[PDB]
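A single chain comes next, written as structure tokens; it is the form deposited in one PDB entry.
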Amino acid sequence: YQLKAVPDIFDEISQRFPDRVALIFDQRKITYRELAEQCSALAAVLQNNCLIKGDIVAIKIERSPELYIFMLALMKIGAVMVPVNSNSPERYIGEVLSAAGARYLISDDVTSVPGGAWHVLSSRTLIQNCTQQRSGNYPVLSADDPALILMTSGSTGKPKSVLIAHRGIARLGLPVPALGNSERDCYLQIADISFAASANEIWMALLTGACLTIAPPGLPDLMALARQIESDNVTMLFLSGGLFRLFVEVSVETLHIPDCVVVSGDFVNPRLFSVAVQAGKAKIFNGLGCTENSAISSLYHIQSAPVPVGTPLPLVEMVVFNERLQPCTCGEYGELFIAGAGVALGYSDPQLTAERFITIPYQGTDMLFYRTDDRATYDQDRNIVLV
């Protein structure tokens, strides 16, 4: 429960599991030792290319081993990464970079980037200049230092910048009791990198010694995904509601190859969960995530199909408060508030942060909560349910 910055956890994990497979792309496999060496070589290049701690650096790199190498190397030098979907239109990309205050954009295709205040660097040319020579003077990083910026948005899709601390994703190295996950597991990287949900896949894998098999770039091809799940022995499968429901409709057997399936997003129609759970013995979970809590935040194990939020992940606390910030009684409707290691550092404007990140005395601690938009209450057993 003493959390470190991501590069420090990864250093420990890679030293402890150097021979385990960290990344799979098509049929290419990269051990933790190989990945660690490439991250170190690239971090030295990034220091050579005038990046420093605190720099806001966007990443626009298609799914590939290099994408994750850049994530690790940027965090090692203390940069704040801003991952961008490669399929996003140029205007929304400019909107994201402007919202984030990005100063640099690292891309695997510099010809498809919007013009703005940022400086564009070529990921492929940077990789090309990597030497075996590792370097050495990296910044001291706290679990509370910024690591990442994700966007959230309302009805109109205008992006709002969310600053994520190292601890917010470093917590994903803590094994989740309901999942039973460990270094023996394999995850599938398919969520878009600009989504908090992508952190579930990347960091639960790489901060535990487990394997991350990387989906091909582009929109999902369920035949290729089904082959990938089987061929690469995916054991922890995170799916959006849409991808989950579509697999139920067209290939439900694929869902029972893994040990655990976690469904993120707005609740899928329970009839579809009913079909899925009747079709095999995989443990199927409804997951609750929140961009302002960095990643997946709670899990409810669906055995039969309001919506229970289930059991929070390690170092996550959840409470339902009403409009006057009082803990709700049974059946009283309020909002879900989330506290703990995942809570974002805030938004880019501090007046926006002050109204949604609220300190409330709870069970003896003056605890910082994020106020979600999720309406909720308590059931008769003091379990949180969404309404």
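Residue positions are given as counts along the sequence shown, with the first one as 1. We call the rigid core whatever largest set of C-alpha positions still superposes within 1.5 Å between the two forms.
- Among other deposited entries of this protein with both flanking residues present, none omit coordinates for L325; it is modelled throughout, well short of a third.
- Per the compared records, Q133 is unresolved in at least a third of the other entries whose models span it.
- According to the entry, the deposited sequence places 4 to 9 unmodelled residues between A305 and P306.
- Of the two segments examined, 289-297 and 177-185, it is 177-185 that shows the higher average Cα temperature factor in the deposited entry.
- The question of which stretch, 347-355 or 30-38, has the higher mean Cα B factor is settled in favour of 347-355.
- Between the residues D145, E249, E201, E95, the entry's highest C-alpha temperature factor is the one at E95.
- Out of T125, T111, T213, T254, the entry records its largest CA B-factor for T111.
- Among the modelled residues of its chain, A5 has a C-alpha B-factor that falls in the lowest third according to the deposited record.
- Ranked by Cα temperature factor within the chain, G209 sits in the middle third according to the deposited record.
- The entry lists a Cα temperature factor for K283 that places it in the middle third of the chain's modelled residues.
- Ranked against the other modelled residues of its chain, the C-alpha B-factor of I61 as given in the entry falls in the lowest third.
- The PDB entry assigns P327 a C-alpha temperature factor belonging to the middle third of its chain's modelled residues.
One more form of this protein, deposited in another entry, exists but is not displayed; see below.
- Comparing the forms between this form and the one not shown, the C-alpha position of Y378 differs by 2 angstroms or more, with the core used for superposition.
- Superposed on the core, the two forms differ at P159: its CA moves 2 Å or more between this form and the one not shown.
- After superposing the rigid core, the Cα of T359 is displaced by less than 2 Å between this form and the one not shown.
- Note: the CA-CA distance for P159 and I61 expands in the other entry relative to this form, by 3 angstroms or more.
- Cα of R371 to Cα of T156: at least 3 Å shorter in the other entry than in the shown structure.
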